[PDB]
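1. here is the sequence, then the experimental structure:
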Amino acid sequence: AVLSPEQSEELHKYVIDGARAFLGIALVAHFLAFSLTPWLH
Amino acid sequence: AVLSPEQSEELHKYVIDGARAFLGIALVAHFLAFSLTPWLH
Amino acid sequence: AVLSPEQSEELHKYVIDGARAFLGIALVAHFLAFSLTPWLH
Amino acid sequence: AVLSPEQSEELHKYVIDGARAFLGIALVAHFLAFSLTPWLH
Amino acid sequence: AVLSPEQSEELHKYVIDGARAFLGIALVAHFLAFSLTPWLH
Amino acid sequence: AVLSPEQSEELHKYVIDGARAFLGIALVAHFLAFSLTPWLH
Amino acid sequence: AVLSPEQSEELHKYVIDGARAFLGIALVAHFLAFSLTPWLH
Amino acid sequence: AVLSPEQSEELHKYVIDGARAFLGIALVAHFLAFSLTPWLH
Amino acid sequence: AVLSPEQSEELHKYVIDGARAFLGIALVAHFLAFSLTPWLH
Amino acid sequence: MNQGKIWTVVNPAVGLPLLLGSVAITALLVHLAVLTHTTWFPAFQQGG
Amino acid sequence: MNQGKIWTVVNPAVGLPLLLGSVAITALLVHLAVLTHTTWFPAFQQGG
Amino acid sequence: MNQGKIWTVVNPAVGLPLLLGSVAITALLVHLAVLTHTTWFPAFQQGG
Amino acid sequence: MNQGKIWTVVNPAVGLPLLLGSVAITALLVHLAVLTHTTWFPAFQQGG
Amino acid sequence: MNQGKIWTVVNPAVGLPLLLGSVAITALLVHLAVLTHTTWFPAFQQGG
Amino acid sequence: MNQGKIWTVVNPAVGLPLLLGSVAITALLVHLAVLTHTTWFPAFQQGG
Amino acid sequence: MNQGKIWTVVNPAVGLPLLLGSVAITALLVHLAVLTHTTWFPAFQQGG
Amino acid sequence: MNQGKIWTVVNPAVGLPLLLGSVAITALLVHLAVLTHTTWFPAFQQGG
Amino acid sequence: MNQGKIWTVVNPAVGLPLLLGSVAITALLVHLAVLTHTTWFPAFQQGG
Ligand code: BCL
Ligand SMILES: CC(C)=CCC/C(C)=C/C=C/C(C)=C/C=C/C(C)=C/C=C/C=C(C)/C=C/C=C(C)/C=C/C=C(\C)CCCC(C)(C)O
Ligand SMILES: CC(C)=CCC/C(C)=C/C=C/C(C)=C/C=C/C(C)=C/C=C/C=C(C)/C=C/C=C(C)/C=C/C=C(\C)CCCC(C)(C)O
Ligand SMILES: CC(C)=CCC/C(C)=C/C=C/C(C)=C/C=C/C(C)=C/C=C/C=C(C)/C=C/C=C(C)/C=C/C=C(\C)CCCC(C)(C)O
Ligand SMILES: CC(C)=CCC/C(C)=C/C=C/C(C)=C/C=C/C(C)=C/C=C/C=C(C)/C=C/C=C(C)/C=C/C=C(\C)CCCC(C)(C)O
Ligand SMILES: CC(C)=CCC/C(C)=C/C=C/C(C)=C/C=C/C(C)=C/C=C/C=C(C)/C=C/C=C(C)/C=C/C=C(\C)CCCC(C)(C)O
Ligand SMILES: CC(C)=CCC/C(C)=C/C=C/C(C)=C/C=C/C(C)=C/C=C/C=C(C)/C=C/C=C(C)/C=C/C=C(\C)CCCC(C)(C)O
Ligand SMILES: CC(C)=CCC/C(C)=C/C=C/C(C)=C/C=C/C(C)=C/C=C/C=C(C)/C=C/C=C(C)/C=C/C=C(\C)CCCC(C)(C)O
Ligand SMILES: CC(C)=CCC/C(C)=C/C=C/C(C)=C/C=C/C(C)=C/C=C/C=C(C)/C=C/C=C(C)/C=C/C=C(\C)CCCC(C)(C)O
Ligand SMILES: CC(C)=CCC/C(C)=C/C=C/C(C)=C/C=C/C(C)=C/C=C/C=C(C)/C=C/C=C(C)/C=C/C=C(\C)CCCC(C)(C)O
Ligand SMILES: CCCCCCCCCCCCO[C@@H]1O[C@H](CO)[C@@H](O[C@H]2O[C@H](CO)[C@@H](O)[C@H](O)[C@H]2O)[C@H](O)[C@H]1O
Ligand SMILES: CCCCCCCCCCCC[N+](C)(C)[O-]
Ligand SMILES: CCCCCCCCCCCC[N+](C)(C)[O-]
Ligand SMILES: CCCCCCCCCCCC[N+](C)(C)[O-]
Ligand SMILES: CCCCCCCCCCCC[N+](C)(C)[O-]
Ligand SMILES: CCCCCCCCCCCC[N+](C)(C)[O-]
Ligand SMILES: CCCCCCCCCCCC[N+](C)(C)[O-]
Ligand SMILES: CCCCCCCCCCCC[N+](C)(C)[O-]
Ligand SMILES: CCCCCCCCCCCC[N+](C)(C)[O-]
Ligand SMILES: CCCCCCCCCCCC[N+](C)(C)[O-]
């Protein structure tokens, strides 16, 4: 069900930390793609 | 569920600010596309 | 849920004003297409 | 929900008037297509 | 909802008259197709 | 809803008579196809 | 709805007899296919 | 509906025996494919 | 239905052990693919 | 025309839209089939 | 014809539309299959 | 115009969106069919 | 503009999303149709 | 034939239509596969 | 920005996921359209 | 075989049809993949 | 492994079938992608 | 990161599966797009 304003902010910290973890892994994968692939080369 | 008239106006400010933030990022992406791509060139 | 006859007429004014706003933007886009494109030329 | 017999007949007049309005616009569009297109020519 | 046996027979007369009206229009359309088209010719 | 054992047997007679009527029409259509078509010829 | 253990076993006899009847018809159809077709020939 | 812990373990024995029966039939079908087909040959 | 915080952590241990078991089988399959296939060769 | 007890078993609020929708879909499929397998229906659409 | 107890287990308001709809879809698929794999059915549609 | 009792059997909140949506889908399918089987509608879109 | 009683019969919580979604889908289909049947819209996308 | 307790867990009003529908879909897919990958089934449909 | 009464009629728990999902689908369709109708976006993906 | 508590969390009336249906769909996809990427399976279907 | 509070928000009876089904669909899509873009996987299927 | 009130309006039991599923579908579509429009990703899959 929909949350209290405080419970919503507590849940959204896990969503934002999950998106930051995904972003970091994607930044390493894009650097590996720049180094190992003819992309941007 | 559907909102009160006042709650609807409070929610729509976040929808309009989200659309303005999306528009601004899209305006930078279109300028970068004009500068880096054969589009309009 | 379905509305009262008076509430329905009040809602339909926003639907008709939204369709008139869409029509006006589409009339400018069709004029710009006539001016900038080989269509009708 | 499903209607009374009298309410059903009142609603169906708007459905039939809407279909007659659509038919008339389509008859003008078919005449314009006969005049402006290689169809039937 | 599902009907009484008598109400079902009353409804099915409109379904059968609708299918007979569709059949008649389709028989005129097939005759017009025989007359105006290379089909069966 | 699901039926009594007796009501189920009464309904299934109409399903079986409907399938026998469909089978008979299909047997005439297959004979007409054998007579009018290069199939089996 | 889901059945009693005894009612489930009674229903599954009709499912197994239906699958055995389907299997037998399919065994005749495969023999007819072996006899009338270039399959396995 | 969802089961008791004991009822879940009783159901999962039939799921695991069904998967073992499927695995055995698939192991015979793969051996028959190795023997009768140009696969691995 | 949604779980207690303690019940959620107990369930997630089975999800994480299932993902670790899948990862291990996939690491053996990727090593077998490296050894038996022209991939990375 | 002898099947008129079917609305004691099938809900007409579901079955009558399904009937009319199936007939309309079938008519579109037949028109598309004739358009894709003849030269005279595309030539009638083309004109000139 | 010996399967008449099936409406004690399957709701006929769901199962009878599913039966008639499956038969109608199958007939369309067979007609399409014959149209796409013969020259005589497209030639009958073409005429002339 | 003699079918006006149909809203005693079919819910107009389901059937009236289904009618308008079916008409709109049919108009798109006819326009696409004419675009794909004529040279003059693509040539009108092209211009020049 | 004379159809304003329709929200007494159709639920606006279903029908207003269906209207806006149908208009947006139609605009995408028209753009795709123009892109696939002209040389000038792909040439505008290409540039150079 | 030893699986007869499955109707204590699966609703037969959902599962028996799913079984019969899956068997019918599979038979159509096998017929289509044989039609598309042989010359003798299209030649039987063609005749002459 | 003058449409802010729409959440009195449309449920925001349905309509806000529909808005964000429609925008994301549209962005994928535009990217795919540019990829399929230019040589420079596939050449940027290729490199070398 | 150590996963037997899963029916305390997943409804077996949904999950057991999903399992059997997924296995059947996978077997059809593998058969289709082998039919479309070998010459010997179409040649076995053809005979002669 | 630090995300274990997610079953306080997501129903595990929906989310655990969605997880397992998404993993199985992804594995089929990867196998199909490798089959369609290499010569060695079709050649392994072919043999001889 | 300033949007954290959205779970007062959107049910997180629907919206969090929709978010994770949309991200996973997008990653598959990007991988497929790169596979279909480059020679180096099919050549990496091929080897030799
Ligand atoms: C015609 C008699 C009635 C009427 C009868 C009906 C009926 C009946 C219905 C509607 C419906 C609708 N009406 Mg109306 N409606 C009327 C007047 C209006 C007016 C107005 C005059 O301001 C507006 C804004 C609307 C708006 C609307 C929409 C909200 C809705 C969907 C229409 C649609 O898909 O049309 C598509 C468009 C057309 C058919 C018109 C053709 C195109 C127009 C004329 C020109 C486009 C020009 C283009 C931009 C440039 C091209 C240039 C080229 C060189 C040619 N109506 C008049 C008073 N209306 C429908 C509904 O309620 O849906 C939920 C519905 O069933
Ligand atoms: C070429 C083409 C066509 C297109 C090309 C490309 C294209 C368009 C690309 C577009 C890409 C886009 C848009 C990418 C966007 C990516 C994004 C946004 C990723 C987001 C990831 C988010 C994650 C991983 C979230 C995890 C959340 C998590 C794990 C949440 C956990 C929650 C918990 C535990 C509950 C705790 C509650 C309690 C009360 C108990 O504390
Ligand atoms: C080539 C072809 C075929 C086609 C080509 C092209 C084509 C057709 C293109 C068309 C493009 C179009 C139409 C694009 C439109 C884009 C739009 C409109 C973008 C909108 C973005 C909106 C956003 C991002 C909204 C975010 C809302 C948000 C985050 C809302 C947050 C709400 C909260 C936190 C609740 C607070 C409540 C409380 C009571 C607690 O305060
Ligand atoms: C080539 C081919 C194949 C085909 C080619 C082409 C082809 C077929 C084209 C066909 C095109 C057609 C048919 C186009 C039709 C377009 C139409 C009709 C557009 C309508 C737009 C309507 C809008 C934007 C409505 C906005 C409503 C709004 C914003 C409503 C707001 C409501 C509120 C705030 C509630 C207030 C309540 C309270 C009680 C609180 O006051
Ligand atoms: C080439 C190929 C493949 C195929 C080719 C072609 C092919 C097959 C074509 C087939 C075409 C066909 C079949 C076309 C049929 C078109 C039809 C039937 C159009 C009907 C339009 C109906 C309308 C617009 C109705 C509007 C109703 C309305 C607005 C109703 C309003 C109601 C209200 C306000 C409620 C009041 C209640 C209160 C109690 C308050 O008074
Ligand atoms: C080439 C290929 C692939 C295939 C090729 C071809 C192929 C396979 C073709 C197959 C074609 C087939 C099968 C066609 C079948 C067509 C049929 C059956 C048409 C039936 C039309 C029925 C209608 C129009 C019914 C209208 C009912 C109506 C209007 C009912 C009104 C009811 C009311 C007012 C309620 C009153 C209640 C109250 C208690 C108040 O009195
Ligand atoms: C080339 C390829 C790919 C494939 C090729 C071919 C291929 C695979 C073909 C397969 C074909 C198959 C399998 C065909 C099967 C056809 C069948 C089984 C047809 C059955 C028709 C049944 C009917 C019409 C039933 C009507 C029932 C009716 C009307 C029921 C009425 C009931 C009432 C009135 C209720 C009374 C209740 C009260 C308590 C009041 O008395
Ligand atoms: C080339 C490629 C791609 C693929 C190629 C091939 C490929 C993969 C093929 C795979 C094929 C497979 C797997 C085929 C499987 C076929 C099967 C299993 C058929 C089963 C048929 C079952 C039937 C007909 C059941 C009828 C049940 C019935 C009638 C039940 C009646 C029940 C009643 C009356 C209720 C009584 C209750 C009361 C309490 C009243 O007594
Ligand atoms: C080339 C490409 C693209 C891909 C290529 C290949 C590819 C990816 C392949 C992948 C293949 C995979 C993954 C295959 C997996 C196969 C599996 C796991 C099979 C499992 C079979 C399970 C069965 C048959 C279960 C039967 C259960 C049963 C019968 C349960 C019965 C229960 C009962 C009676 C209830 C008792 C309750 C009471 C309380 C009364 O005792
Ligand atoms: C070329 C292209 C296009 C794309 C290419 C590639 C591409 C994108 C690939 C992407 C791949 C990805 C993302 C793969 C991800 C794989 C993952 C994450 C696998 C996860 C597996 C998880 C499992 C197996 C979980 C099992 C859980 C289990 C069994 C849980 C059991 C629970 C129980 C028993 C309940 C106990 C409760 C009680 C309270 C009773 O204790
Ligand atoms: C639990 C999951 C288990 C996953 C197992 C993963 C390992 C799978 C191993 C498959 C082995 C395939 O092995 C591969 O076969 C093909 C066909 O014979 C060979 O293919 C070779 O000849 C063919 C032509 O006939 C050429 O198109 C190809 O370029 C060339 O490499 C490969 O050189 C060989 O490496
Ligand atoms: C050819 C497809 C046609 C689809 C027709 C779908 C009709 C659905 C009717 C639902 C009726 C619901 N209700 C609550 C009014 O009973
Ligand atoms: C071949 C596909 C045919 C689809 C048939 C779908 C029938 C759905 C019947 C729903 C009946 C609902 N209700 C409330 C009247 O029981
Ligand atoms: C051509 C397809 C058009 C689809 C139209 C779907 C209409 C669904 C209406 C649901 C009405 C639900 N409710 C609760 C308001 O009765
Ligand atoms: C063009 C397709 C657009 C699809 C729009 C679907 C709208 C569904 C609205 C459901 C409303 C449900 N509820 C409970 C709030 O009434
Ligand atoms: C191969 C696909 C076959 C689809 C079969 C779908 C069966 C749905 C049965 C719904 C039963 C509903 N009810 C209310 C009678 O329990
Ligand atoms: C572009 C497609 C996006 C699909 C979005 C679907 C949203 C469904 C929301 C259902 C909300 C249900 N509930 C019970 C929380 O109100
Ligand atoms: C591979 C797809 C298989 C689809 C299987 C769908 C199973 C649906 C089961 C619904 C059960 C409903 N009910 C009311 C009996 O709990
Ligand atoms: C990759 C697609 C997998 C689809 C999985 C669908 C799971 C549906 C679970 C419904 C659970 C219903 N119920 C009543 C037991 O809570
Ligand atoms: C990208 C598509 C992902 C689909 C995700 C669908 C999530 C459905 C969640 C339903 C939750 C139902 N319930 C009863 C637990 O609230």
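-> Received it, and whenever you're ready, just let me know what you need. Numbering: from 1, shown residues only, chains lettered A, B, ... in the order given. Ligands and ions are numbered 1, 2, ... in the order given.

2. what residues does chain A put near ligand 8?
-> Residues of chain A found near ligand 8 (CB under 6 Å from any ligand atom): none. C-beta coordinates here come from the backbone N, C-alpha and C atoms, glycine included.

3. can you tell me the residue of chain A closest to ligand 3?
-> Nearest residue of chain A to ligand 3: residue A:5, at 6.4 Å (CB to the nearest ligand atom).

4. right, is stretch J:24-39 up against ligand 14?
-> No. Shown here: stretch J:24-39 not in contact with ligand 14 (CB under 6 Å from any ligand atom), separated by at least 10.2 Å.

5. in that stretch, what counts as buried?
-> By 16 or more other CB atoms under 10 Å in any protein chain shown, the buried positions in stretch J:24-39 come out as J:33-38.

6. return the subset of the residues you listed lying in helices.
-> Among those, the residues falling in helices (DSSP state H) are J:33-37.

7. what residues does stretch A:21-40 touch?
-> In this structure, residues lying in contact with stretch A:21-40 by CB atoms under 8 Å, 6 or more residues apart in numbering or on different chains are A:41, O:45-48, R:23, R:40.

8. oh, that last question was meant for stretch A:2-10, not what I typed.
-> A:11, O:13, R:4-12.

9. contacts (any at all) between ligand 2 and that stretch?
-> Yes. Using CB under 6 Å from any ligand atom, stretch A:2-10 comes into contact with ligand 2 via residue A:10.

10. what does stretch A:26-41 give?
-> No. Stretch A:26-41 lies out of reach of ligand 2 by CB under 6 Å from any ligand atom, never closer than 7.9 Å.

11. of all residues in chain J, which one is closest to chain A?
-> At 31.0 Å from chain A, residue J:14 is the closest residue in chain J, using CB to the nearest CB.

12. filter the contacts of stretch A:21-40 to the buried ones?
-> In those, burial by neighbour count holds for O:45-46, counting by 16+ other CB under 10 Å.

13. which of the contacts of stretch A:21-40 sit farthest apart?
-> O:48 and R:23 (29.8 Å; CB to CB).

14. now the contacts of stretch A:21-40 in a markdown table, with distance to chain J and secondary structure?
-> Formatted as a markdown table, these follow (distance: CB to the nearest CB, whole Å; DSSP: H, G, I helix; E, B strand; the rest coil):
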| residue | distance to chain J | secondary structure |
| --- | --- | --- |
| A:41 | 47 | coil |
| O:45 | 35 | helix |
| O:46 | 37 | helix |
| O:47 | 42 | coil |
| O:48 | 43 | coil |
| R:23 | 36 | helix |
| R:40 | 39 | helix |
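
15. need the contacts of stretch A:21-40 in JSON lines (columns: distance to ligand 15).
-> JSON lines is the format used below for the contacts of stretch A:21-40 (distance: CB to the nearest ligand atom, whole Å):
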{"residue": "A:41", "distance to ligand 15": "43"}
{"residue": "O:45", "distance to ligand 15": "32"}
{"residue": "O:46", "distance to ligand 15": "36"}
{"residue": "O:47", "distance to ligand 15": "39"}
{"residue": "O:48", "distance to ligand 15": "43"}
{"residue": "R:23", "distance to ligand 15": "22"}
{"residue": "R:40", "distance to ligand 15": "39"}
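
16. please tell me how far whichever residue of chain J sits closest to ligand 16 sits from residue A:20.
-> Closest residue of chain J to ligand 16, CB to the nearest ligand atom: residue J:11 (11.4 Å). Plainly put, residue J:11 is 52 Å away from residue A:20 if you go by CB to CB, to the nearest Å.

17. those two - which one has more neighbours?
-> Comparing residue J:11 with residue A:20 by neighbour count (other CB atoms under 10 Å in any protein chain shown), the higher total belongs to residue J:11, at 16 against 11.

18. OK, contacts around residue J:19?
-> Contacts of residue J:19 (CB under 8 Å, 6+ apart): residue E:15.

19. before we move on, the earlier item: could you tell me how many residues sit around the residue of chain A closest to ligand 3?
-> The tally of other residues near residue A:5 (other CB under 10 Å) stands at 11.

20. grab the nearest non-local neighbour of the residue of chain A found nearest chain F.
-> Residue nearest to chain F within chain A: residue A:1 (31.9 Å; CB to the nearest CB). Nearest residue to residue A:1, sequence neighbours excluded (CB to CB, 6 or more residues apart in numbering or on different chains): residue R:11, at 6.3 Å.

21. which parts of the helix or strand harbouring residue A:18 are buried?
-> Assigned by DSSP states H and E, residue A:18 belongs to helix A:5-36. By neighbour count with 16+ other CB under 10 Å, helix A:5-36 contains the buried residues A:8, A:11-12, A:15, A:18.

22. give me the element the residue of chain J found nearest ligand 5 is part of.
-> Proximity of chain J to ligand 5 (CB to the nearest ligand atom) peaks at residue J:31, 3.3 Å away. Using DSSP H and E, residue J:31 falls within helix J:12-37.

23. does that helix reach ligand 13?
-> Yes. Helix J:12-37 reaches ligand 13 (CB under 6 Å from any ligand atom) through residue J:14.

24. follow-up on the earlier one: what's near enough to touch the nearest residue to the residue of chain J closest to ligand 5 once chain neighbours are set aside?
-> Spatial nearest neighbour of residue J:31, chain neighbours left out: residue L:33 (8.0 Å); criterion: CB to CB, 6+ apart. Contact partners of residue L:33, counting by CB under 8 Å, 6+ apart, are J:31-32, J:35, J:45.

25. quick check: the farthest pair among these?
-> The span of these, defined through CB to CB, is set by J:32 and J:45 at 12.6 Å.

26. nearest residue to whichever residue of chain J sits closest to chain Q other than its sequence neighbours?
-> Using CB to the nearest CB, the single residue of chain J nearest to chain Q is residue J:14, 26.7 Å away. In this structure, residue J:14 finds its nearest non-sequential neighbour in residue K:17, 7.2 Å apart by CB to CB, 6+ apart.

27. now do residue J:16
-> residue L:10 (5.9 Å).

28. look up how far residue L:20 lies from the closest residue to residue J:23 other than its chain neighbours.
-> Counting by CB to CB, 6+ apart, residue J:23 lies nearest to residue E:22, which is 7.3 Å off, once chain neighbours are set aside. To residue L:20, residue E:22 is 21 Å away according to CB to CB.

29. can you give me the distance of the nearest residue to residue J:1 once chain neighbours are set aside to chain O?
-> Distance criterion CB to CB, 6+ apart; nearest residue to residue J:1, sequence neighbours excluded, is residue E:16 at 5.2 Å. According to CB to the nearest CB, to the nearest Å, residue E:16 stands 41 Å off from chain O.

30. what's the separation between residue E:16 and residue D:16?
-> The spacing between residue E:16 and residue D:16, counted by CB to CB, is 22 Å.

31. about what we covered before: now the residue nearest to residue J:23: how far from residue P:33?
-> Counting by CB to CB, the gap from residue E:22 to residue P:33 is 44 Å.

32. who's in contact with the residue in chain J positioned nearest to ligand 7?
-> Using CB to the nearest ligand atom, the closest approach of chain J to ligand 7 is made by residue J:5 at 3.1 Å. Counting by CB under 8 Å, 6+ apart, residue J:5 makes contact with E:5, E:8-9, F:14.
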